[PDB]
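Let me begin by presenting the structure, written as structure tokens, before commenting on it.
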Amino acid sequence: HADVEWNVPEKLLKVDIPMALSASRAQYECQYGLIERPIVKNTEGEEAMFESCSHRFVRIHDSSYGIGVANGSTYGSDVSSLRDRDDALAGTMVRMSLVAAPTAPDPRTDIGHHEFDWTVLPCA
Amino acid sequence: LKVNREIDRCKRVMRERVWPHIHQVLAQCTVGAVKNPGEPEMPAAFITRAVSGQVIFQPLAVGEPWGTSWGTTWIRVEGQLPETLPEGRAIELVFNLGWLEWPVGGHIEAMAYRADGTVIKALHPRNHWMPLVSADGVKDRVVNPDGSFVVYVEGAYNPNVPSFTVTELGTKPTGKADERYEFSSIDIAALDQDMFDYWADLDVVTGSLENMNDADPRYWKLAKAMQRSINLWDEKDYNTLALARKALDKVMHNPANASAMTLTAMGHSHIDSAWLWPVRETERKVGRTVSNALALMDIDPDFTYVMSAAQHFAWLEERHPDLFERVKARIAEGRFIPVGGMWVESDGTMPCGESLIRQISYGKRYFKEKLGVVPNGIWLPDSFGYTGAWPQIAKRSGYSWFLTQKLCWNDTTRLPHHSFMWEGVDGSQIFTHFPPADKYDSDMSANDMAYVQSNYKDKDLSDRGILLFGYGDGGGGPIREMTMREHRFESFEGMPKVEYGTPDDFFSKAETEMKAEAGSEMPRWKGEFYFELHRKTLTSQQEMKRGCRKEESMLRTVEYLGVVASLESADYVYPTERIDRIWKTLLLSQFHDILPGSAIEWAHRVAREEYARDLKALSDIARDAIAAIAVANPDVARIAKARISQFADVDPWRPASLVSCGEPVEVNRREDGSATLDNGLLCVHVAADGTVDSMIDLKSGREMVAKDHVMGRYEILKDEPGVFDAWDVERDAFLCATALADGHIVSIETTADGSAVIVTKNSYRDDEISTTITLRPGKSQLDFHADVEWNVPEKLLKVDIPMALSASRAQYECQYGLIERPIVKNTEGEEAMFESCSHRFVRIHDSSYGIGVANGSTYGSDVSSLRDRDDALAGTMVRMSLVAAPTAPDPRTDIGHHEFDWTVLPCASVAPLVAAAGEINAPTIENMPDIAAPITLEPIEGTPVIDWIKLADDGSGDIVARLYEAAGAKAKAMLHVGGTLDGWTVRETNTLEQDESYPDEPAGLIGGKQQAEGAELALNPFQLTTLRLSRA
Amino acid sequence: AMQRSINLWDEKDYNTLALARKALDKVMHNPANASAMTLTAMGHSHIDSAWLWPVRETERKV
Amino acid sequence: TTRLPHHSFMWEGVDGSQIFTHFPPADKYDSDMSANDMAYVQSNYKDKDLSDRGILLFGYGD
Ligand SMILES: [Zn+2]
Ligand SMILES: [Zn+2]
């Protein structure tokens, strides 16, 4: 549970959740049901999906295990693979966007005191 | 415009006013020849027989074909080498035997020998000349004290075989001269180096005007000098030549641009081990190409040449012993480079994991004892896609980089990058590069420079590429015209910088600089390289695909028995050499032209009867080894019809039998023709016309057949493609398929064991399909076995399996592991994947259930969703291709009597599917005593599978097991060993059975070398580890 | 280099300016091609002595 | 309708006397010394095979 006192414009904040489980696709939820999107983006069109929506949770799983993260009010995230310092596969990074501060139609947008809540679970 | 019309004048000047005045003809030679349309003999045995008296050499006829198709003509040439030869000029023979120009390695070739059995140089369409004197007063050894000399020429009258066209040429020696090639006066000529340099300069200059734009002033400063020169050269006054070259010099020395790329050029000729010619011809092709390569290492230094396919080196060792010691002299020098240690350039997707590992091993072994080299990367420029398990195998085999180019022919999509990091399913990554020229056989033209620099897909952060040149696909190598137009492109402002180099150094520096430059932005590709072309190569010649699996699936049994018999009986010699010969013969029939089945009728005929011979020879090593175990354990038990299938459901390598041993299977014939098979675990209902139409999983209580569909319906597609008949499938065919609704049940019966069988018949206008559906007691799977009497060409057969389970992706298997591909293809690039490979099974599953289908020899399939007649979702259709009949290189391909086997399972997890695939692909043997396996793992968690228990190759007596993980989840297990090898140690190796560790690769064992009994194993998803057990 | 520079200049921290210019320097010093033309530049402004204004204005324009 | 063939040439009158004439290849006297003008000057100059020399005027004119 985080309390932010955002004051600087033209910046974007987000937190990360590095998971020790590696898979080829990530699992989000829809209004009713679920979808999966690639993690490693191969073609030119896939690299255009570098940030995506997520209602209330994101799950990275395999045949027999999985780790999930559920949020309160974020609505945004992105996933990518993680590589160890000796350059072996480590897991998957799940970053979820918390608060941004544009300037174009609103000069003073999103200034001060935002709350955020989330939770991490091991879930088969 | 005036310039474009000035280019034509310059090209015609090159072709007529400059080119002929290079070889000044001095005198012509007397000739006599002997023809032979049979199979050729070894040259060494002919020369010594042709020196004493035993050949007559009746003279040739000027203007007639000098041979017959697939024949050999030996020609004895005698000249005089007269006096008054021009000063400081080279003297060489010129062989103009009626050459064409388009195919270099396709039509006739030749090879010139000395009168002791030694090779001089080979003769090809664009490279037909032999050095007599080298413009320096030194003569070749074949010159008498006077000008007399004598040459023997072995000429191969190979016909030109079209790629896709019905023909009778690729069958057998005809004895007739179909394509006429004349003789036309072999002669002697003096070479003019200055005119030759002038022609080279003109060629370099005039080829750059087609590729520049009329915006830089260089385009105009060039086209002016080209015009001033050819306006100054008068072929009737030699003194003007020196005037013409000086005009075309104010533009030849201009330093390259600041940002221009840098290309590393190496000579390279690709030889397809068997395609459009018999395999008895490839040996001579390798010989000719290599001889050409060494005759170009004395035209200029600093020229480098690469060569792959250790099998080619072996073929060269046996046929030209003298030409072998000249190669090794260059290897130690550093200009001749053997690359990519492998037996042959195998296929990239079809062979199993053990095939690839054995190829790498045999190649590395040959490159060590003979040449003394250790390659660092895999050389595979020509292949119909790549499996996706390649990165892990390569990294765990000691390799560092990877090379491909064939993936440019994709019909829909272009890959994003040329240099990138390729990560497999396991997670290991390998640096991969495509040559930007989009072809391995370049001619070092200006067109190729312009294309390389203007097509390279990573010009912002790499500015470094590779460039291969030479005449390939049939041999021939590079010609001396290519090398002397390389020194012109060294700087040549307007074009990339070019320099010679070796592949290892280029790859090292390119990878390291691209890494240290890009940062954590390095391009990356995870998955497999699906080839969007040539879909029919998965089913082109079925007897080749069935042969590759049946031989290899039983090499596993034969090698396992050698382990069991070498532990039981105290005296039993394991036949290493026979097995090695069989393995090499197998790896030769997995070339990228003969496993896809796209070669002439002759090549497949030979390769087909090899599978028959080695299958028979293999099942005599087996029964001779089983005889040893039979005397060591003389009273335990013996069962007929056993099958050692790795990873069963209860006992992994125990030899299970074929007698099912359950309670009988109740059969309920109905009056309308339908029947109802029902064992304890399934309730199958077969309709009146084959085609199971409902299958109940009595354990869970779920329908297994998609509603309003029937399982077993045969379709026959109408595939008549545009080009590459034996290669690819139109999408149009998928629209034209017609089901065989007619049919009936021929017989319903039960057998002695208690299983139930149903025998069906089906026909389409000439041919017959008779299926046998079996239900065995105590097995939750349905077995199909079909016998086809295929007779109609230009058709394609396949069966369908409609599944009552709907998902968004389908699951196939790779060499080691699994992959998933979409079912509903959304984008334009996805619709290009309408047919795909599948080794041994396909699974359609969801969160809590799944249905799988395993096959025996098919290798091909495609999936799509199924929609009910009221237009609600029904399930998924799985169709797998059985047999096709092209016509292009083989007029009579795949005619008559094919067999097929497959099985369908309900499987929540993947373990029973793997067990069923292993159990359906295993061969049968007789009188096999049932004894527990020596190596066993008790699964604490996950699904680890021991694949290839075998003996060591060092002859020391160790055991080597290759175990992996086949579920996609981490697996923990521990090792249990039988009472025959207690006290033994265990340790971890690489795939080549050597004590080498790599920091970027996880290991299986926990610890080091320790006692075998009780050692534990942890395997991260899709990991491949190798255990070695030693007596001490 | 154009992309690397503007990704480095933050108008709320002046010390980053010196960092941004150094990125847009690995490409500013590259010698012209061998065959490039040569142009002789001179400052020149053409004054139409009378057009779209009275002639009493051209004097001030000069 | 028509473009003249050359930018630098010898202009001979009715009498027979000749004078050396040049057009600035930028096709305008008021240039702003932009990259567009460099690209245009080098890619439009009509005698690049034997002259490789041109003039370039810049400033706000008219
Ligand atoms: Zn090839
Ligand atoms: Zn004016």
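Ligands are numbered from 1 in the order shown, chains are lettered A, B, ... in the order of the structure tokens, and residues start at 1 in each chain.
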| request: Would you mind writing down, as number ranges by chain, each residue of range 56-262 of chain B that DSSP on the backbone assigns to alpha helix (DSSP H)? | output: B: 193-208, 217-230, 239-247
| said: Any residue with an atom at most 8 Å from ligand 1 counts, using only C-alpha atoms and all ligand atoms. Which are they? Put them as a PyMOL selection string. | reply: chain B and resi 270-272+381-383+473+592-593
With N, CA and C atoms retained, could you export that selection as a PDB file, in the first residue's frame?
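Contents of result_8.pdb, freshly written:
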```pdb
ATOM      1  N   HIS B 270      28.194 -23.939 -52.175  1.00  0.00           N
ATOM      2  CA  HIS B 270      27.274 -24.861 -51.528  1.00  0.00           C
ATOM      3  C   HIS B 270      27.048 -26.043 -52.457  1.00  0.00           C
ATOM      4  N   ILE B 271      27.224 -27.249 -51.936  1.00  0.00           N
ATOM      5  CA  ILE B 271      27.028 -28.472 -52.703  1.00  0.00           C
ATOM      6  C   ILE B 271      25.895 -29.249 -52.058  1.00  0.00           C
ATOM      7  N   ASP B 272      24.771 -29.348 -52.755  1.00  0.00           N
ATOM      8  CA  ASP B 272      23.674 -30.178 -52.288  1.00  0.00           C
ATOM      9  C   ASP B 272      24.032 -31.644 -52.489  1.00  0.00           C
ATOM     10  N   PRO B 381      23.149 -22.577 -44.111  1.00  0.00           N
ATOM     11  CA  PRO B 381      22.554 -21.514 -44.926  1.00  0.00           C
ATOM     12  C   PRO B 381      21.285 -21.936 -45.646  1.00  0.00           C
ATOM     13  N   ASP B 382      21.146 -23.222 -45.942  1.00  0.00           N
ATOM     14  CA  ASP B 382      20.051 -23.728 -46.760  1.00  0.00           C
ATOM     15  C   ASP B 382      19.273 -24.771 -45.971  1.00  0.00           C
ATOM     16  N   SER B 383      18.046 -24.427 -45.578  1.00  0.00           N
ATOM     17  CA  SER B 383      17.197 -25.332 -44.815  1.00  0.00           C
ATOM     18  C   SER B 383      15.780 -24.783 -44.781  1.00  0.00           C
ATOM     19  N   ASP B 473      25.250 -24.457 -55.141  1.00  0.00           N
ATOM     20  CA  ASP B 473      24.101 -25.338 -55.323  1.00  0.00           C
ATOM     21  C   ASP B 473      24.447 -26.535 -56.203  1.00  0.00           C
ATOM     22  N   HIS B 592      19.234 -31.739 -46.614  1.00  0.00           N
ATOM     23  CA  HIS B 592      18.119 -30.813 -46.796  1.00  0.00           C
ATOM     24  C   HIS B 592      17.489 -30.914 -48.173  1.00  0.00           C
ATOM     25  N   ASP B 593      17.664 -32.044 -48.854  1.00  0.00           N
ATOM     26  CA  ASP B 593      17.122 -32.225 -50.194  1.00  0.00           C
ATOM     27  C   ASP B 593      16.471 -33.587 -50.358  1.00  0.00           C
TER      28      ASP B 593
END
```
| Residues of chain C within 9 Å of chain B, using only C-alpha atoms, as a list in words? | residues 30, 31, 32, 33, 34, 35, 36 and 37 of chain C
| Using only C-alpha atoms and all ligand atoms, which residue out of C:6, C:58, C:46, C:53 lies closest to ligand 2? |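 Closest to ligand 2 of all the choices is C:46.
Around ligand 2, using only C-alpha atoms and all ligand atoms and a cut-off of 7 Å, the residues in contact are residues 46, 47 and 48 of chain C; 62 of chain D.
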Could you list, as a tab-separated table (two decimals) with N, CA, C and O atoms, in the first residue's frame, the residues of chain C having an atom within 12 Å of chain A when counting only C-alpha atoms?
```tsv
chain	number	residue	atom	x	y	z
C	10	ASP	N	16.96	17.42	-20.44
C	10	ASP	CA	15.85	17.71	-19.55
C	10	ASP	C	15.90	19.18	-19.18
C	10	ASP	O	16.82	19.61	-18.47
C	11	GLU	N	14.91	19.94	-19.64
C	11	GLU	CA	14.95	21.38	-19.48
C	11	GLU	C	14.80	21.84	-18.04
C	11	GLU	O	14.81	23.04	-17.79
C	12	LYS	N	14.68	20.91	-17.10
C	12	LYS	CA	14.64	21.23	-15.68
C	12	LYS	C	15.94	20.87	-14.97
C	12	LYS	O	15.97	20.84	-13.74
```
| field | Counting only C-alpha atoms, the residue of A:123, A:98, A:104, A:67 that sits nearest residue 18 in chain A | value |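 Once distances to residue 18 in chain A are computed over only C-alpha atoms, the minimum belongs to A:67.
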| request: Counting only C-alpha atoms, figure out which residue out of D:22, D:6, D:58, D:50 gets nearest to residue 38 in chain D. | output: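 Between D:22, D:6, D:58, D:50, the residue approaching residue 38 in chain D most closely is D:58.
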| message | If we count only C-alpha atoms and set the cut-off at 9 Å, which residues sit around residue 109 in chain A, ignoring sequence neighbours fewer than 4 positions away in its own chain? Please answer as a VMD selection string. | response | chain A and resid 9 100 to 103 105
Prev. selection, N, CA, C and O atoms, output as an mmCIF file, in the first residue's frame:
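The resulting again_33.cif:
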```cif
data_model
loop_
_atom_site.group_PDB
_atom_site.id
_atom_site.type_symbol
_atom_site.label_atom_id
_atom_site.label_comp_id
_atom_site.auth_asym_id
_atom_site.auth_seq_id
_atom_site.Cartn_x
_atom_site.Cartn_y
_atom_site.Cartn_z
ATOM 1 N N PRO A 9 6.117 17.391 -12.815
ATOM 2 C CA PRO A 9 5.420 17.063 -14.058
ATOM 3 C C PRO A 9 6.344 16.350 -15.037
ATOM 4 O O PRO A 9 7.549 16.260 -14.836
ATOM 5 N N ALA A 100 0.914 9.191 -13.901
ATOM 6 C CA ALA A 100 1.630 10.021 -14.854
ATOM 7 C C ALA A 100 1.114 11.445 -14.752
ATOM 8 O O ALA A 100 0.026 11.693 -14.231
ATOM 9 N N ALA A 101 1.904 12.387 -15.254
ATOM 10 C CA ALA A 101 1.551 13.805 -15.228
ATOM 11 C C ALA A 101 1.794 14.416 -16.597
ATOM 12 O O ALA A 101 2.889 14.915 -16.885
ATOM 13 N N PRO A 102 0.797 14.392 -17.471
ATOM 14 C CA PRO A 102 0.904 15.135 -18.725
ATOM 15 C C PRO A 102 0.834 16.630 -18.479
ATOM 16 O O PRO A 102 0.871 17.098 -17.340
ATOM 17 N N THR A 103 0.787 17.390 -19.569
ATOM 18 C CA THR A 103 0.618 18.830 -19.474
ATOM 19 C C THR A 103 -0.274 19.443 -20.544
ATOM 20 O O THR A 103 -0.538 20.646 -20.470
ATOM 21 N N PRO A 105 -3.745 19.192 -22.201
ATOM 22 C CA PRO A 105 -5.036 19.865 -22.036
ATOM 23 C C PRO A 105 -5.212 20.366 -20.616
ATOM 24 O O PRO A 105 -5.993 21.285 -20.362
#
```
| request: Run DSSP on the backbone and grab whatever in range 23-53 of chain C lands in strand (DSSP E or B); send it over as a ChimeraX atom specification. | output: /C:39-43
| task | For residue 57 in chain D, list every protein, DNA or RNA residue within 7 Å, evaluated using only C-alpha atoms, and leave out those in the same chain fewer than 4 positions away; present the list as a count of residues only. | result | 7
| Got a sec to pull out which chain D residues are within 10 Å of chain B, counting only C-alpha atoms, and send them as a ChimeraX atom specification? | /D:39-45,47-52
| said: Residues of chain A within 9 Å of chain B, counting only C-alpha atoms, what are they? List them as number ranges by chain. | reply: A: 22-24, 40-44, 62-65, 86-89
| Got a sec: who's within 10 Å of residue 681 in chain B, counting only C-alpha atoms, leaving out chain neighbours fewer than 5 positions off, as a PyMOL selection string? | chain B and resi 696-700+776-781
